[PDB]
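One chain comes next, on its own, written out as structure tokens in the form solved without the DNA.
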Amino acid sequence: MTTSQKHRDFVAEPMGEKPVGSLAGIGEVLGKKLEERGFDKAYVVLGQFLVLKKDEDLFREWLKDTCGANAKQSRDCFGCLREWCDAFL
């Protein structure tokens, strides 16, 4: 899963108030759609993952249906948000 250094950097130190586009799998174009949806910060998006009880099918359908992310980009957010939770939750 050739994730960018952001995936390891994200699960290597707190998220603080970093921008949504900072989450692995979310690019600048996708971060803009979530931002227009009321998610101007990554911690708001991690909240959605927690509300879905880590349901991978509900999360991927939610992200894809919410912005149009591909099956591939959603996998990076699932493991990226989920691994952060494993070290942090």
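All residue numbers are counted from 1 along the displayed sequence.
Same protein, other form: the form solved in complex with the DNA, not shown, and the subject of what follows.
A.B. asks: With a cut-off of 4.5 Å between heavy atoms, is residue 81 one of the residues that contacts the DNA in the deposited complex?
C.D. replies: Outside the cut-off, so no.
A.B. asks: Answer yes if any heavy atom of residue 51 is within 4.5 Å of a heavy atom of the DNA in the deposited complex; otherwise answer no.
C.D. replies: Looking in the deposited complex, residue contacts with the DNA do not include residue 51, since no heavy atom lies within 4.5 Å.
A.B. asks: Residue 18 versus the DNA, in the deposited complex: is there a non-hydrogen atom within 4.5 Å?
C.D. replies: Residue 18: no contact with the DNA in the deposited complex.
A.B. asks: Spell out, yes or no, whether the shortest heavy atom distance between residue 33 and the DNA in the deposited complex is within 4.5 Å.
C.D. replies: Close contact exists here: in the deposited complex, residue 33 approaches the DNA to within 4.5 Å, heavy atoms only.
A.B. asks: So which residues in 26-48, when you check the DNA in the deposited complex, have a heavy atom no farther than 4.5 Å from it?
C.D. replies: 26, 27, 28, 29, 30, 31, 33 sit within 4.5 Å of the partner.
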